[PDB]
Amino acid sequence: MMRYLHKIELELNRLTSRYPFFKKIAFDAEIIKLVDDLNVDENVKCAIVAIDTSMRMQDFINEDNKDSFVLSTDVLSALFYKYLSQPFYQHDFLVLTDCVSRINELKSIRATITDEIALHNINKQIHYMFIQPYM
């Protein structure tokens, strides 16, 4: 476990302990491995993991868990914004907020397409959204 991973886990475990309606799902394992080796600050790594987990939570939202899951994706988005605010990481902020609008755009268009290679590719782009700009 890297330093940045302890930092985010500490804050997430504190939220679950304080707010029973916050649900902390497991970080994507592949995304963690990559982030581990990224050439950026501890704070940027936290923001990335925050926002990556935020968007992956979207797919698990039902009527039976929405009063939990929706708000949870929203704190994770807010944490993402917190991590890049002090000090302000302007370039990473410009890049990753772009990734946010784009990943929602890709997921929307993904809904209206059944083609094999088209689905395989857009899924790839979606899965690596927040880490590609750093590779």
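Residue numbers run from 1 along the displayed sequence.
Asks: Per the PDB record, is the mean Cα temperature factor higher over 70-78 or over 98-106?
Replies: The deposited B-factors put 98-106 ahead on the C-alpha mean.
Asks: Please compare 59-67 with 45-53 and say which has the higher mean C-alpha temperature factor in the record.
Replies: Higher mean C-alpha B-factor: 59-67.
Asks: For residue 24, return the chain-relative third of its C-alpha B-factor as stated in the PDB record: lowest, middle or highest.
Replies: For residue 24, the deposited C-alpha B-factor lands in the middle third.
Asks: Which third, lowest, middle or highest, does the C-alpha temperature factor of residue 131 belong to within its own chain?
Replies: According to the entry, residue 131 has a C-alpha B-factor in the chain's highest third.
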